[PDB]
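Q: Test case, fold it:
(chains A and B)
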Number of protein chains: 2
Amino acid sequence: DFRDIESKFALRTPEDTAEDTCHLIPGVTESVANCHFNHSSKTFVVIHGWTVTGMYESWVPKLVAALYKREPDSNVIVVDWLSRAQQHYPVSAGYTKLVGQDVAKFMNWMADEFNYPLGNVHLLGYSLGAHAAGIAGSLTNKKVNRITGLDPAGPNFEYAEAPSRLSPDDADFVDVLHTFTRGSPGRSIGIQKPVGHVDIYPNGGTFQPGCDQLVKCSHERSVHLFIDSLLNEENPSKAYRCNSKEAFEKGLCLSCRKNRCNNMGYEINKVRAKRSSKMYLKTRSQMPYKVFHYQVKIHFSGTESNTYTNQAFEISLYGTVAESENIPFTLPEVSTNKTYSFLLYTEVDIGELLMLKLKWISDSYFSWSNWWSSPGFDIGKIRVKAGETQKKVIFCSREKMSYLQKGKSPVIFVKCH
Amino acid sequence: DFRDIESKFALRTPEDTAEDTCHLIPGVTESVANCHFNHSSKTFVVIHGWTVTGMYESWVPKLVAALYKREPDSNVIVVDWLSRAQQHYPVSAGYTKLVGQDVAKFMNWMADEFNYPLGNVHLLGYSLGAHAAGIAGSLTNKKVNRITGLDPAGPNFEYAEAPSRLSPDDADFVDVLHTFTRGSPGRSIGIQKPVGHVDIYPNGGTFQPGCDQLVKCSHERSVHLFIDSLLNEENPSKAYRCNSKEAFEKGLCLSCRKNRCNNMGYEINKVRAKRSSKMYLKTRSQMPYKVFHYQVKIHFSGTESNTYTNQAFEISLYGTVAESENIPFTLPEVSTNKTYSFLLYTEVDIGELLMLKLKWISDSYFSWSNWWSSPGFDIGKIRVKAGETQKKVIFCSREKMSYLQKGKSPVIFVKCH
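A: Residues are numbered from 1 along each chain as shown, chains lettered A, B, ... in the order given. Sure, structure below:
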């Protein structure tokens, strides 16, 4: 029963990360003590996804070093694919049902000879690798601990059966990233269906703000968002639970009570749910991928009832540690006696807020534009609710300069209570 | 919790059996992978008993080689005593309640860090070592598999409590030898009480037929009967269940049905019982310790009613492979119209019996003794029941020479049916 294991195995060291020296063989037991498999710690299994060349991709010799820097004295097993993945795509879409059985036989061998606990096994998966890890685990003697899927495959695995894809019953805790879900239903590269216990949509999941290397740009963010979560142990990147992509832009759903607002990546909290769990956050185009989240509610008031549209504002943020000066945002359908809310983000740490400017800029540039007296409003209060630290401050002004007018000097608000 | 472990530990190799090079340390985990503890096989723990010098005894560097010859690629852990055993005897009779707790802490550490099964652990014990292994096991997280006690301690551990000695609830299967149980109740070197699931009394347990080296002669037979059982894999030495020492000499209890007639030593069958289980066998004074067991029933018949006593007989055994010629036995209270039975043993393999002489010798030697016509009887049949191979043959003679007479020619019996 141990000659149909052509999908090989390997074990890599922190001193040698880019090679495949010490192999493991299912059935031969003189090699397990040859690769120095430490029987006390956890075990990472990294399953390779699709490829078109003969070698590995470029993210595996970085993910090996990241795992060996975050969790020292552990086990990272690299599964091999290079006689089965270099094909066309419906050809390699059928080999997952065999490679998952090979991995299941290997794990049952390790759990039935050496009495391995199967309680400290992470199953990392790329686009085909996530479905490989999903078809594994269901064919084990008991439940595996955690399967992490990084932007799984879309085309032939959507509309399929639950024992055929990465289903939420495959393990005890499954988290799935959804970086590249742009396209029609059934014709997308990533999968559009929520499949895990926790389902994170970074930037909504349509694309990523960085787009042959440029061709696969927003398909490698599901690895570069995980390497960053392994490196930044002390600083987690929270993700926020909402109900739709359009509602998160209005900022009505920054609520972190009753099993909401989980983390993203390795430091996620094991929380089970009853249904699909869509979660949201925003990112940045560089190697620190953390941004903060602020909610701003603005009360408009005045006398002259005049509606407008597509007005551009500029706001500042003045706090204890540092400051943010020229954040732009727009609001359509501004009018009197309303209460508007939106979402605001930044990449500079603030601390606790002190003051806040508010400028309503002018689209016109001509020397004509100083006349034809500009529209204005009477702003009383701004409610600000921070994202992580749940503080709800109140801002107001004095009984002077409380009149925002387009193309004029901005108002300045202070801490009001 | 890992600095009160002054009773050290060691692991020995088949290439180095008489030294203590690679130690194990409870708590320090860089040494478990240093001694190459194979996590797949079984584990032997040899607990040393009492001593009076500073070094080990002479049977441990033979038992190590015997275990490594019988079960290759296994684990033999030698427990150390040499700062606690070189004392007086009521001094070393109190340290077992500490060494057993140290061994229990070591086994719980191995079973709670490396997830060891605790299903393949043999606990070998000498005279104090058996009670050390008995006070261990009760203080483990679950039941250990098998504890073997080799002639446990007698004086201060008799009349004690069940959580204080080697009790039958200490493990899942416990076998105990009783080689040196001679003495008064409460004043014996070995223990006189049956304590195990299987309790074997070789030669009844009073002494052994081989009796400073000569002082401890019949206390080392409980190790030399186990080394022989490890070496002779293909040839087991059966032990026979009876009810008293006097009844086994009459041979009325050679019955091997309904969970009777188990083996002796390593090759014993796991059979649980409801009460104490006394079992019997005989041995020989040299390194092959196997003898066969034959039951002989003799029907006396005649006319002249004359009782006698203390008459000596000589019998022969003629079989397929070899022959036994001059086996002596005696029978008191011989008389007409009776049926007598006894036990007979030998050390030469026979096979299947063919013929059997029977000679009733004369105590007198004088030239007078040919006269005063000797007493005689008329022997019809002899029922022979072999020990291992349950065959019940019937022997008889022809209708000539059927008259055994003292100091005359012997009768010769053949296979009768």
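Q: neighbours of residue A:412, just the number please.
A: Counted by other C-beta atoms under 10 Å in any protein chain shown, the residues lying close to residue A:412 total 14. (Each C-beta comes from the backbone N, C-alpha and C, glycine too.)
Q: and it, what are its bridge partners?
A: As for beta bridges, residue A:412 partners with residue A:357 under DSSP bridges.
Q: who are the neighbours in contact with it?
A: Contacts for residue A:412 (C-beta atoms under 8 Å, 6 or more residues apart in numbering or on different chains) come out as A:355, A:356, A:357, A:397, A:401.
Q: who's in contact with residue A:206?
A: By C-beta under 8 Å, 6+ apart, the residues touching residue A:206 are A:181, A:182.
Q: ok, now residue A:111?
A: Residues near residue A:111 by C-beta under 8 Å, 6+ apart: A:117, A:118, A:140, A:141.
Q: host element of the third one?
A: Read that as residue A:140. Secondary structure assignment for residue A:140, by DSSP states H and E: no helix or strand.
Q: Wait, it touches residue A:104, no?
A: Yes - with contacts defined as C-beta atoms under 8 Å, residue A:140 counts as touching residue A:104 at a distance of 5.4 Å.
Q: Between the two, which contacts overlap?
A: Contacts common to residue A:140 and residue A:104, judged by C-beta under 8 Å, 6+ apart, are absent.
Q: burial count for residue A:160?
A: Number of residues near residue A:160 (other C-beta under 10 Å) recorded here: 12.
Q: related to what we said a few turns ago, filter the contacts of residue A:111 to the buried ones?
A: Among the contacts of residue A:111, the ones that count as buried by 16 or more other C-beta atoms under 10 Å in any protein chain shown are A:118, A:140.
Q: would TSV of the contacts of residue A:111 with distance to chain B be doable?
A: Listed next are these as TSV, based on distance: C-beta to the nearest C-beta, whole Å:
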residue	distance to chain B
A:117	5
A:118	10
A:140	17
A:141	15
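Q: so which of the contacts of residue A:111 comes closest to residue B:133?
A: Taking C-beta to C-beta as the measure, residue B:133 lies nearest residue A:117 of the contacts of residue A:111, at 27.8 Å.
Q: residues contacting the closest one?
A: Residues in contact with residue A:117 (C-beta under 8 Å, 6+ apart) are A:111, B:115.
Q: element containing it?
A: Following DSSP H and E, there is no helix or strand that holds residue A:117.
Q: Contact partners for residue A:276?
A: So residue A:276 contacts A:194, A:199 (C-beta under 8 Å, 6+ apart).
Q: if I look at it, how far off is residue A:341?
A: 26 Å (C-beta to C-beta, to the nearest Å).
Q: Ok, residue A:378 next?
A: Counting by C-beta to C-beta, the separation of residue A:378 from residue A:341 is 19 Å.
Q: okay, now the domains of chain A?
A: For chain A, curated CATH domains gives the domain ranges A:1-281, A:292-417.
Q: For the shortest one, what is the distance to the chain centroid?
A: Which is domain A:292-417. With C-alpha atoms, centre = their mean, to the nearest Å as the basis, domain A:292-417 stands 30 Å off its chain's centre.
Q: Same question for the first one.
A: Averaging C-alpha coordinates over domain A:1-281 and over its chain gives two centres that are 14 Å apart (C-alpha atoms, centre = their mean).
Q: Endpoint to endpoint, it covers what distance?
A: In domain A:1-281, first residue to last residue: 47 Å (C-alpha to C-alpha, to the nearest Å).
Q: Likewise for stretch A:135-152?
A: Start-to-end span of stretch A:135-152 (C-alpha to C-alpha) is 13 Å.
Q: got a list of what residue A:355 touches?
A: Counting by C-beta under 8 Å, 6+ apart, residue A:355 makes contact with A:318, A:412, A:413, A:414, A:415.
Q: so where do the strands sit in the stretch 301-417 of chain A?
A: Secondary structure of the stretch 301-417 of chain A (DSSP state E, counting those that start in this stretch): strands located at A:311-319, A:323-331, A:338-346, A:353-360, A:376-377, A:381-386, A:392-396, A:404-405, A:411-415.
Q: Just put those strands in a markdown table and tack on distance to residue B:390.
A: Formatted as a markdown table, the strands of the stretch 301-417 of chain A follow (distance: least, C-beta to C-beta, whole Å):
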| stretch | distance to residue B:390 |
| --- | --- |
| strand A:311-319 | 96 |
| strand A:323-331 | 97 |
| strand A:338-346 | 90 |
| strand A:353-360 | 96 |
| strand A:376-377 | 111 |
| strand A:381-386 | 89 |
| strand A:392-396 | 92 |
| strand A:404-405 | 111 |
| strand A:411-415 | 101 |
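Q: still on that earlier bit, turn the domains of chain A into CSV, columns for distance to residue B:154.
A: Output for the domains of chain A, formatted as CSV (distance: least, C-beta to C-beta, whole Å):
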stretch, distance to residue B:154
domain A:1-281, 39
domain A:292-417, 73
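Q: among the ones you listed, which is nearest residue B:215?
A: Across the domains of chain A, residue B:215 has its closest neighbour in domain A:1-281 (46.1 Å, C-beta to C-beta).
Q: Get me the contact residues on chain A for chain B.
A: Listed as neighbours of chain B in chain A under the rule C-beta under 8 Å from any C-beta of the partner chain: A:29, A:33, A:36, A:38, A:39, A:40, A:113, A:114, A:115, A:116, A:117.
Q: can I get the residues you listed in JSON lines with distance to residue B:49 and secondary structure?
A: JSON lines is the format used below for the residues of chain A next to chain B (distance: C-beta to C-beta, whole Å; DSSP: H, G, I helix; E, B strand; the rest coil):
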{"residue": "A:29", "distance to residue B:49": "36", "secondary structure": "coil"}
{"residue": "A:33", "distance to residue B:49": "34", "secondary structure": "coil"}
{"residue": "A:36", "distance to residue B:49": "38", "secondary structure": "coil"}
{"residue": "A:38", "distance to residue B:49": "36", "secondary structure": "coil"}
{"residue": "A:39", "distance to residue B:49": "33", "secondary structure": "coil"}
{"residue": "A:40", "distance to residue B:49": "34", "secondary structure": "coil"}
{"residue": "A:113", "distance to residue B:49": "35", "secondary structure": "helix"}
{"residue": "A:114", "distance to residue B:49": "34", "secondary structure": "coil"}
{"residue": "A:115", "distance to residue B:49": "32", "secondary structure": "coil"}
{"residue": "A:116", "distance to residue B:49": "37", "secondary structure": "coil"}
{"residue": "A:117", "distance to residue B:49": "37", "secondary structure": "coil"}
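Q: Just the buried subset of those, please.
A: Buried members of those, scored by 16+ other C-beta under 10 Å, are A:29, A:39, A:114, A:115, A:116.
Q: List just the nearest of those to residue B:175.
A: Closest approach to residue B:175 among these (C-beta to C-beta): residue A:115, at 26.2 Å.
Q: need the contact list for the closest one.
A: Counted by C-beta under 8 Å, 6+ apart, residue A:115 has contacts B:39, B:115, B:116, B:117.
Q: so how far is residue B:119 from it?
A: 9 Å.
Q: For chain A, which segments are assigned as helices?
A: Ranges of helices in chain A, per DSSP state H, are A:60-70, A:89-92, A:96-113, A:127-135, A:221-231, A:245-249.
Q: deepest of those, which one?
A: Of all those, helix A:127-135 has the most neighbours on average by mean count of other C-beta atoms under 10 Å in any protein chain shown, namely a mean of 28.
Q: Counting neighbours, what do you get for residue A:30?
A: Look at residue A:30: counted by other C-beta under 10 Å, it has 7 neighbours.
Q: Next, give phi and psi for it.
A: Phi and psi for residue A:30, reported as degrees, to the nearest 10, are phi -80, psi -10.
Q: And it, how far from chain B?
A: Relative to chain B, residue A:30 is positioned 10 Å away (criterion: C-beta to the nearest C-beta, to the nearest Å).
Q: Hmm, residue A:262 and residue A:271 touching each other?
A: Yes - under the criterion of C-beta under 8 Å, residue A:271 makes contact with residue A:262 at 6.4 Å.
Q: Nice, that's everything, thank you.
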